[PDB]
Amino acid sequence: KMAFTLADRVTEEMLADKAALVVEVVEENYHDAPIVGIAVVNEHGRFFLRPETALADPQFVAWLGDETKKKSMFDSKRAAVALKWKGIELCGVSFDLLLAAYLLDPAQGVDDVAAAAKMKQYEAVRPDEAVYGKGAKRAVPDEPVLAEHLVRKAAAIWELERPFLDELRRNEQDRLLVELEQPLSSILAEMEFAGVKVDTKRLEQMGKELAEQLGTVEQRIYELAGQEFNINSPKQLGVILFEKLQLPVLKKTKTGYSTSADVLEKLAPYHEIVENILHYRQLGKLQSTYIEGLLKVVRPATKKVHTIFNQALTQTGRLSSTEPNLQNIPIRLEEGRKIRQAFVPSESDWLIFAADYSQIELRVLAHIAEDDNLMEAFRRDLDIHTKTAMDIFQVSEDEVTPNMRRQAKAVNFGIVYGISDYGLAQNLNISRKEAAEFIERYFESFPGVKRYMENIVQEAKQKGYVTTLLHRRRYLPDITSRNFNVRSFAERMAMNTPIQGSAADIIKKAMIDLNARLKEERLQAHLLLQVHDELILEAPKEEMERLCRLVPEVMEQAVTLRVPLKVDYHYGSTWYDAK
């Protein structure tokens, strides 16, 4: 139905200096994945190209890499990385429909060109899943069906750029797309392609050691239970704990007895089995997710893992990381933290360098709320988390353990983001009236935070959404819900999204500024990971000392707030040492 040239070679008119481009990669993980087809729509027509012809044509390759040839795309990072795996560079991406749709309304869950086109009443294109199918049935269709689908996706991109930019501009989000998210996309593509090298001999050794400790704990559980059972089975675990052993029931799930760690911790006074269950789950989580899981996704020839940072998924503007998730590598228990010893530089005599923001969301909050005491606290470079721990546990500063700090940190964000007296009581193991008076007290010291909580909720009711400092947006239609519970979850999102999203805006700007600076100074250091407020790099050891001044400065100057930004930084031979 749609007209296009099914082309056997590349011609000059496919290389105009503006086009909609589709480089189709069907597999979810696009690392080292087939490119199944190419479409180009421009002023001279609509063209389908087979990748074996276009990607071996030197003039098409030059066009891909020419930054003065502008491409409109959907999910351009996916194309850029699949092309990098083919040894081909993509430059000149000036519009990315996925990131435009994400910015306009992250709740759409826009995952293909069709879902984005629907936002503008454009429906002359099919959903990807209708063309390829799902699951075992998923397949690349016959070439004429493939070619028209790719041409219709590019025809859509061609038509939708203008209405999407128009609405971005009305939302004050046009520079957010063109100067933040699209430059970031190219940077994430370099980080993903570069990968992180893994010491598989060390991982494998930790795996055999764990499997031994697992059995020993597993046997002691069976002997404390007086029988054998599937310790991972909540049916059986619940039966053992709360029927055979008659331990008190403190919580239920939709499906039975809860055995979450906070329940198990409150049962430690009653029976010794519960802490063995705890230790068992921790060892098995390390084994399942971080030894075996990692080794599954290590590319064996290079010993690299190549994550995918999803840039159009979270409702706040954060990234997430998938397959493997390199944003939740263990750190807090020393047994788990050692897995970070298997993450190593990718070259001899290079080192890992990790820099991260100190208390970023509370500094953002002090700026946005304009709370005098909170601003004054960060002007003094106070550690609110440690001060809060001192108060909670009635200890001196030197007595504050890492445990108490991250516990006090959960109270600090709990209170600003709407924890109730009940939940704070359960989290702190204190009475519900103490919990409530503690909350009254903290708002006595930070009344400007309290006003911000009330003001932001009123502003979401009036406007229908909340924004971040760089104008990221999140609609909250449930804020006017008649249902008490639904409305409440929406109010807590109103309190939290502008703070967490602004912290996301800042580190994203930090990454763009950092890359420009590294390039300007002609350094080999390059980014490997982002972990929400943390940047991890690797670099030749000859560069460590320059990076100790460069990276913190770049991150601290990314934005200017009414309080300073603070950055800590470490480097070492493995990710474990970069602390």
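Numbers for residues come from their place in the sequence shown, where the first is 1.
Asker: Report the stretch with the higher mean CA temperature factor, choosing between 526-534 and 46-54 on the basis of the entry.
Answerer: Per the deposited B-factors, the answer is 46-54.
Asker: Name the higher of the two by mean Cα B-factor in the PDB entry, 258-266 versus 304-312.
Answerer: That would be 258-266.
Asker: Check the PDB entry and point out which of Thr388, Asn496, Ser502, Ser94 has the largest C-alpha temperature factor.
Answerer: Top of the list by C-alpha B-factor: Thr388.
Asker: Between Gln173, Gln219, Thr468, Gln359, which carries the biggest CA temperature factor in the record?
Answerer: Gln219 has the highest C-alpha B-factor of those listed.
Asker: Could you say whether, by C-alpha temperature factor, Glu27 belongs to the lowest, middle or highest third of its chain?
Answerer: Highest third of the chain for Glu27's C-alpha B-factor.
Asker: Can you tell me whether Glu454 has a C-alpha B-factor in the lowest, middle or highest third compared with the other modelled residues of the same chain?
Answerer: Lowest third.
Asker: In terms of the CA temperature factor given in the entry, to which third of its chain does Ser445 belong: lowest, middle or highest?
Answerer: Tercile = middle for this residue's CA B-factor.
Asker: Where does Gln557 sit by CA temperature factor within its chain: lowest, middle or highest third?
Answerer: Its C-alpha B-factor, which the entry lists for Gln557, ranks in the lowest third among residues of this chain.
Asker: Of the three thirds of its chain by CA temperature factor, lowest, middle or highest, which one includes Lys461?
Answerer: For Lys461, whose C-alpha B-factor we compare with every modelled residue in the chain, the answer is the middle third.
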